[PDB]
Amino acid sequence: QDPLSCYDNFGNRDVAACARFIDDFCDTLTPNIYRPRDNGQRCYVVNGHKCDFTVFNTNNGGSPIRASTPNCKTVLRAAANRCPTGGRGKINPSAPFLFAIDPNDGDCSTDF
């Protein structure tokens, strides 16, 4: 977990309710192959709000690649333990994938 950055302190929702979904998100979305600058996401409903998870290939070019399941868990657990309103990061500075865990208002039915 380096870099590891927290979202700001203005959010209304706590990340602790989202930690329960880290394993499911990492297990299901990391085996996919992602093109450079593409992402995969999942949305989970909890406590009248939602938890938005992202895996993002930060590479600008090169081959489409799959992500690391254990690295996803290490990063997102660190974010959940260190960032009360959620956060994002990579396993190490050179790693291609960024992972994010984001508690948000709303639900998983909107914007499509």
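From 1 onward, residues are counted along the sequence shown.
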Practice task
Pick between 11-19 and 91-99: the one whose mean CA B-factor in the entry is higher.
Solution key: 11-19
Fill in the blank from the handout: As the entry reports it, the stretch among 69-77 and 34-42 with higher mean C-alpha B factor is 69-77
Practice task
Specify which of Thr28, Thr54, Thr85, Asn59 carries the largest Cα B factor in the deposited PDB entry.
Solution key: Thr85
Exercise for the section: Relative to the other modelled residues of the same chain, rank the CA B-factor of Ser5 and answer lowest, middle or highest third. Expected result: highest
